[PDB]
Every structure is written in structure tokens, then in C-alpha cells.
file my_file-v9.csv (CSV, C-alpha atoms and all ligand atoms)
chain,number,residue,atom,x,y,z
A,1,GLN,CA,28.2,-10.5,24.6
A,2,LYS,CA,29.4,-7.0,23.8
A,3,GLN,CA,27.4,-7.6,20.7
A,4,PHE,CA,24.2,-7.9,22.6
A,5,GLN,CA,24.7,-4.6,24.4
A,6,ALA,CA,25.5,-3.1,21.0
A,7,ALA,CA,22.3,-4.4,19.4
A,8,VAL,CA,20.3,-3.2,22.4
A,9,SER,CA,21.9,0.3,21.8
A,10,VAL,CA,21.0,0.4,18.2
A,11,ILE,CA,17.4,-0.4,19.1
A,12,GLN,CA,17.2,2.0,22.0
A,13,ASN,CA,18.4,5.0,19.9
A,14,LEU,CA,16.1,4.3,17.0
A,15,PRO,CA,13.3,6.8,16.2
A,16,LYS,CA,9.9,6.0,17.7
A,17,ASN,CA,8.4,6.3,14.2
A,18,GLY,CA,10.0,5.9,10.8
A,19,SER,CA,10.1,4.2,7.4
A,20,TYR,CA,10.2,0.6,8.9
A,21,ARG,CA,7.1,-0.5,10.8
A,22,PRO,CA,8.0,-3.6,13.0
A,23,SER,CA,5.5,-6.4,13.2
A,24,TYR,CA,4.0,-7.3,16.6
A,25,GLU,CA,5.8,-10.6,16.3
A,26,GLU,CA,9.1,-8.7,15.7
A,27,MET,CA,8.5,-6.5,18.6
A,28,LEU,CA,7.5,-9.4,21.0
A,29,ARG,CA,10.6,-11.4,19.8
A,30,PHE,CA,13.0,-8.5,20.7
A,31,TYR,CA,11.0,-7.9,24.0
A,32,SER,CA,10.9,-11.5,25.2
A,33,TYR,CA,14.6,-12.2,24.4
A,34,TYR,CA,15.6,-9.0,26.1
A,35,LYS,CA,13.8,-9.9,29.3
A,36,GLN,CA,15.2,-13.4,29.3
A,37,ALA,CA,18.6,-11.9,28.9
A,38,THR,CA,18.4,-9.1,31.5
A,39,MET,CA,16.1,-10.6,34.1
A,40,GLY,CA,16.1,-14.3,33.5
A,41,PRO,CA,13.0,-16.6,33.3
A,42,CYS,CA,9.7,-15.0,33.8
A,43,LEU,CA,8.6,-15.4,37.5
A,44,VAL,CA,6.5,-12.3,38.0
A,45,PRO,CA,2.7,-12.4,38.1
A,46,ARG,CA,0.8,-12.2,34.8
A,47,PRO,CA,-1.2,-8.9,34.2
A,48,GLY,CA,-5.0,-9.1,34.1
A,49,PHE,CA,-7.7,-8.6,31.5
A,50,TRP,CA,-7.5,-4.8,31.7
A,51,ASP,CA,-3.9,-4.8,30.6
A,52,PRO,CA,-3.8,-6.5,27.2
A,53,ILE,CA,-0.4,-5.2,26.2
A,54,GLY,CA,1.0,-6.4,29.5
A,55,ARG,CA,-0.6,-9.9,28.8
A,56,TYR,CA,1.0,-10.1,25.4
A,57,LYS,CA,4.4,-9.1,26.7
A,58,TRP,CA,4.1,-11.6,29.6
A,59,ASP,CA,3.1,-14.5,27.4
A,60,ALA,CA,6.0,-13.8,25.0
A,61,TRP,CA,8.5,-13.7,27.8
A,62,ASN,CA,7.0,-16.6,29.6
A,63,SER,CA,7.1,-18.6,26.4
A,64,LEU,CA,10.9,-18.7,26.7
A,65,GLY,CA,10.9,-21.0,29.8
A,66,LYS,CA,14.3,-21.5,31.4
A,67,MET,CA,16.3,-20.4,28.4
A,68,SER,CA,19.8,-19.4,29.5
A,69,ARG,CA,20.9,-15.7,29.5
A,70,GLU,CA,23.5,-16.5,26.7
A,71,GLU,CA,20.8,-18.3,24.7
A,72,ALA,CA,18.6,-15.3,24.8
A,73,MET,CA,21.4,-12.9,24.1
A,74,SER,CA,22.4,-14.7,20.9
A,75,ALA,CA,18.8,-15.0,19.8
A,76,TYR,CA,18.3,-11.3,20.3
A,77,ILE,CA,21.2,-10.8,17.9
A,78,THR,CA,19.8,-13.3,15.5
A,79,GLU,CA,16.5,-11.5,15.5
A,80,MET,CA,18.3,-8.2,14.8
A,81,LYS,CA,20.0,-9.7,11.8
A,82,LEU,CA,16.6,-11.0,10.7
A,83,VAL,CA,14.9,-7.7,10.8
A,84,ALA,CA,18.0,-5.7,9.6
A,85,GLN,CA,17.8,-8.1,6.6
A,86,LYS,CA,14.2,-7.0,6.0
A,87,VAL,CA,15.1,-3.3,6.1
A,88,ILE,CA,18.0,-3.8,3.8
A,89,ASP,CA,15.5,-5.3,1.3
A,90,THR,CA,13.3,-2.1,1.0
B,1,LIG,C1,16.6,-3.4,13.6
B,1,LIG,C2,18.0,-2.9,13.2
B,1,LIG,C3,18.1,-1.3,12.9
B,1,LIG,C4,18.5,-0.9,11.5
B,1,LIG,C5,19.6,-1.8,10.8
B,1,LIG,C6,20.8,-1.1,10.1
B,1,LIG,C7,21.0,-1.4,8.6
B,1,LIG,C8,20.0,-1.0,7.6
B,1,LIG,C9,20.3,0.2,6.8
B,1,LIG,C10,19.1,1.2,6.5
B,1,LIG,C11,19.3,2.6,6.9
B,1,LIG,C12,18.0,3.5,6.9
B,1,LIG,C13,17.6,3.9,8.3
B,1,LIG,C14,16.1,3.6,8.7
B,1,LIG,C15,15.9,3.1,10.1
B,1,LIG,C16,14.6,3.7,10.7
B,1,LIG,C17,13.3,3.0,10.1
B,1,LIG,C18,12.4,2.5,11.2
B,1,LIG,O1,11.3,3.4,11.4
B,1,LIG,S1,13.3,2.3,12.8
B,1,LIG,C19,12.3,3.0,14.1
B,1,LIG,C20,10.9,2.2,14.4
B,1,LIG,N1,10.6,2.3,15.8
B,1,LIG,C21,11.3,1.3,16.7
B,1,LIG,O2,11.1,0.2,16.5
B,1,LIG,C22,11.6,1.8,18.1
B,1,LIG,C23,12.4,0.7,18.9
B,1,LIG,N2,12.9,1.2,20.1
B,1,LIG,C24,11.8,1.6,21.1
B,1,LIG,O3,10.7,1.4,20.7
B,1,LIG,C25,12.2,1.9,22.5
B,1,LIG,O4,13.6,1.9,22.7
B,1,LIG,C26,11.6,0.9,23.5
B,1,LIG,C27,10.3,0.3,23.0
B,1,LIG,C28,12.6,-0.2,23.8
B,1,LIG,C29,11.3,1.7,24.8
B,1,LIG,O5,12.4,2.3,25.4
B,1,LIG,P1,12.0,2.9,26.9
B,1,LIG,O6,12.5,4.2,27.1
B,1,LIG,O7,12.5,1.8,28.1
B,1,LIG,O8,10.3,2.9,26.8
B,1,LIG,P2,9.7,1.7,27.7
B,1,LIG,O9,10.5,1.5,29.2
B,1,LIG,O10,8.3,1.9,27.8
B,1,LIG,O11,10.1,0.2,27.0
B,1,LIG,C30,9.3,-0.9,27.5
B,1,LIG,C31,9.9,-2.3,27.7
B,1,LIG,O12,10.9,-2.7,26.7
B,1,LIG,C32,11.9,-3.3,27.3
B,1,LIG,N3,13.2,-2.9,26.6
B,1,LIG,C33,14.0,-1.9,26.8
B,1,LIG,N4,15.0,-2.0,25.9
B,1,LIG,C34,14.7,-3.0,25.0
B,1,LIG,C35,15.5,-3.5,23.8
B,1,LIG,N5,16.7,-2.9,23.4
B,1,LIG,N6,15.0,-4.6,23.2
B,1,LIG,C36,13.8,-5.2,23.6
B,1,LIG,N7,13.1,-4.7,24.8
B,1,LIG,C37,13.6,-3.6,25.4
B,1,LIG,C38,12.0,-2.6,28.6
B,1,LIG,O13,12.8,-3.4,29.5
B,1,LIG,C39,10.6,-2.6,29.1
B,1,LIG,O14,10.1,-3.8,29.7
B,1,LIG,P3,8.9,-3.7,30.8
B,1,LIG,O15,9.4,-3.0,32.2
B,1,LIG,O16,7.8,-3.0,30.2
B,1,LIG,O17,8.4,-5.3,31.1
B,2,LIG,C1,13.5,-2.7,14.1
B,2,LIG,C2,12.4,-2.7,15.2
B,2,LIG,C3,12.8,-2.9,16.7
B,2,LIG,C4,11.7,-3.1,17.7
B,2,LIG,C5,11.9,-3.1,19.2
B,2,LIG,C6,10.7,-3.4,20.1
B,2,LIG,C7,10.9,-3.3,21.6
B,2,LIG,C8,10.0,-4.2,22.5
B,2,LIG,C9,9.0,-3.5,23.4
B,2,LIG,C10,7.6,-3.3,22.8
B,2,LIG,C11,6.5,-4.2,23.5
B,2,LIG,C12,5.7,-5.0,22.5
B,2,LIG,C13,4.2,-4.9,22.6
B,2,LIG,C14,3.3,-5.4,21.5
B,2,LIG,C15,1.9,-5.8,21.8
B,2,LIG,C16,1.2,-6.6,20.7
B,2,LIG,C17,-0.3,-6.3,20.4
B,2,LIG,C18,-1.0,-7.3,19.5
B,2,LIG,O1,-0.4,-8.3,19.2
B,2,LIG,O2,-2.2,-7.0,18.9

call {"tool": "encode", "arguments": {"input": "my_file-v9.csv", "output": "C-alpha cells"}}
result
Amino acid sequence: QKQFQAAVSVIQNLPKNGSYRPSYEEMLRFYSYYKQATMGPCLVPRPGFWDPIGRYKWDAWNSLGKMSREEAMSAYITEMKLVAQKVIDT
């Protein structure tokens, strides 16, 4: 979608810190969908014990299996509405 690339833009230009503080879940959702969308199914090696953040990211992404690139695109957008909705209610 053009929408996906727009969503991605919004998120990329956000401030690193701010009034909303995203959950780890929220972060891993956006991260995994984004990888599924841009790189496809996770086929890289999984990071080791000394890289915990790498392991979480990988598990999230791998969890998506063989989800199509369109599938992940529209789920990214759905997650954006989800979080946007949380921010609106603050
Ligand atoms: C949610 C909607 C927004 C608001 C809705 C609007 C309506 C509401 C109205 C209210 C108005 C009030 C305004 C208040 C808003 C601010 C409040 C909050 O504090 S807001 C601010 C709170 N702070 C925020 O949440 C900040 C969120 N944004 C950021 O944190 C950064 O852009 C970043 C994390 C994506 C890093 O960028 P970068 O320079 O690349 O640094 P790294 O390379 O280290 O990134 C590492 C990995 O991430 C991967 N990846 C890349 N792009 C995306 C993507 N779009 N997605 C997912 N993943 C993406 C990338 O491929 C890489 O993979 P790998 O190679 O490691 O495997
Ligand atoms: C409105 C908020 C937008 C958020 C965009 C997040 C972008 C994705 C990249 C960040 C990687 C997530 C790593 C989190 C590790 C979790 C640690 C743990 O669960 O204790």
C-alpha cells in the first residue's frame, strides 16, 4: 500500500522520547510486521544469549511464519490504528 509507506513515515519521524511510551508488545508488533513486509519471512540466524534484544526481535519476526507481504502491510496499518487510538484517549 501507499498507506503502509505512509504509516512507516509517521513512525520514522516520531521523536525518540515523548508523552506516549509504547509497550514492548507494541514495539515488537510494529517491528515484526515491518520485517515481514520489507524482507519477507524470517530466514536469518537467531542471535545468541549475549544479545537479548536481538533475540526478542527475532522471535517476534519469526513468529509470523510465511505471512504474505500484503498481510503484514495491512497488519502494520491495523496496529497503527490500534496505538493511535490509545494516544487519542489520553
Ligand atoms: C503511532 C501513531 C503516531 C501518532 C498518531 C496521530 C494521532 C494522535 C494525535 C495526538 C497528537 C500529539 C502528539 C504526540 C506524539 C508523540 C508522543 C510519543 O512520545 S511518540 C514518540 C515515542 N517514540 C517512538 O516510538 C519512536 C518510534 N520510531 C523509532 O523509534 C525509530 O524510527 C526506529 C526505532 C524505527 C529506528 O529508526 P532507525 O534510524 O532505523 O534506528 P534503527 O535502524 O536502530 O531501527 C531498528 C530496527 O527497526 C526497524 N524499522 C525501521 N523502521 C521501522 C518502522 N517504521 N516500523 C517498525 N520497524 C522499523 C529497522 O528495519 C531495524 O531492523 P533491524 O536491522 O534491527 O533487524
Ligand atoms: C507509537 C509507537 C511506535 C513504535 C515503533 C517501534 C519500532 C520497532 C523497533 C524497536 C525494537 C523493539 C525491541 C524491544 C525489546 C523488548 C524487551 C523486553 O521485552 O523486555

call {"tool": "residues_around", "arguments": {"input": "my_file-v9.csv", "residues": "stretch 31-41 of chain A", "least_positions_apart": "3", "cutoff": "8 Å", "atoms": "only C-alpha atoms", "output": "list in words"}}
result
residues 27, 28, 57, 60, 61, 62, 64, 65, 66, 67, 68, 69, 70, 71, 72, 73, 75 and 76 of chain A

call {"tool": "residues_near_ligand", "arguments": {"input": "my_file-v9.csv", "ligand": "ligand LIG 2 (chain B)", "cutoff": "8 Å", "atoms": "all atoms listed in the file", "output": "MDAnalysis selection string"}}
result
chainID A and resid 11:12 14 20:22 24:32 52:54 56:57 80 83:84

call {"tool": "atom_distance", "arguments": {"input": "my_file-v9.csv", "atom1": "atom CA of residue A:15", "atom2": "atom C4 of ligand LIG 1 (chain B)"}}
result
10.4 Å

call {"tool": "atom_distance", "arguments": {"input": "my_file-v9.csv", "atom1": "atom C18 of ligand LIG 1 (chain B)", "atom2": "atom CA of residue A:19"}}
result
4.8 Å

call {"tool": "atom_distance", "arguments": {"input": "my_file-v9.csv", "atom1": "atom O14 of ligand LIG 1 (chain B)", "atom2": "atom CA of residue A:88"}}
result
27.1 Å

call {"tool": "residues_near_point", "arguments": {"input": "my_file-v9.csv", "point": "(24.2, -10.7, 16.0)", "cutoff": "10 Å", "atoms": "only C-alpha atoms", "output": "JSON list (two decimals) with C-alpha atoms, in the coordinates of the input"}}
result
[["chain", "number", "residue", "atom", "x", "y", "z"],
["A", 1, "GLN", "CA", 28.20, -10.50, 24.60],
["A", 3, "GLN", "CA", 27.40, -7.60, 20.70],
["A", 4, "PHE", "CA", 24.20, -7.90, 22.60],
["A", 6, "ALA", "CA", 25.50, -3.10, 21.00],
["A", 7, "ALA", "CA", 22.30, -4.40, 19.40],
["A", 73, "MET", "CA", 21.40, -12.90, 24.10],
["A", 74, "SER", "CA", 22.40, -14.70, 20.90],
["A", 75, "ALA", "CA", 18.80, -15.00, 19.80],
["A", 76, "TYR", "CA", 18.30, -11.30, 20.30],
["A", 77, "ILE", "CA", 21.20, -10.80, 17.90],
["A", 78, "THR", "CA", 19.80, -13.30, 15.50],
["A", 79, "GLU", "CA", 16.50, -11.50, 15.50],
["A", 80, "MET", "CA", 18.30, -8.20, 14.80],
["A", 81, "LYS", "CA", 20.00, -9.70, 11.80],
["A", 82, "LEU", "CA", 16.60, -11.00, 10.70]]

call {"tool": "closest_residue", "arguments": {"input": "my_file-v9.csv", "among": "A:16, A:55, A:2, A:86", "to": "ligand LIG 1 (chain B)", "atoms": "only C-alpha atoms and all ligand atoms"}}
result
A:16

call {"tool": "closest_residue", "arguments": {"input": "my_file-v9.csv", "among": "A:18, A:63, A:50, A:10", "to": "ligand LIG 1 (chain B)", "atoms": "all atoms listed in the file"}}
result
A:18
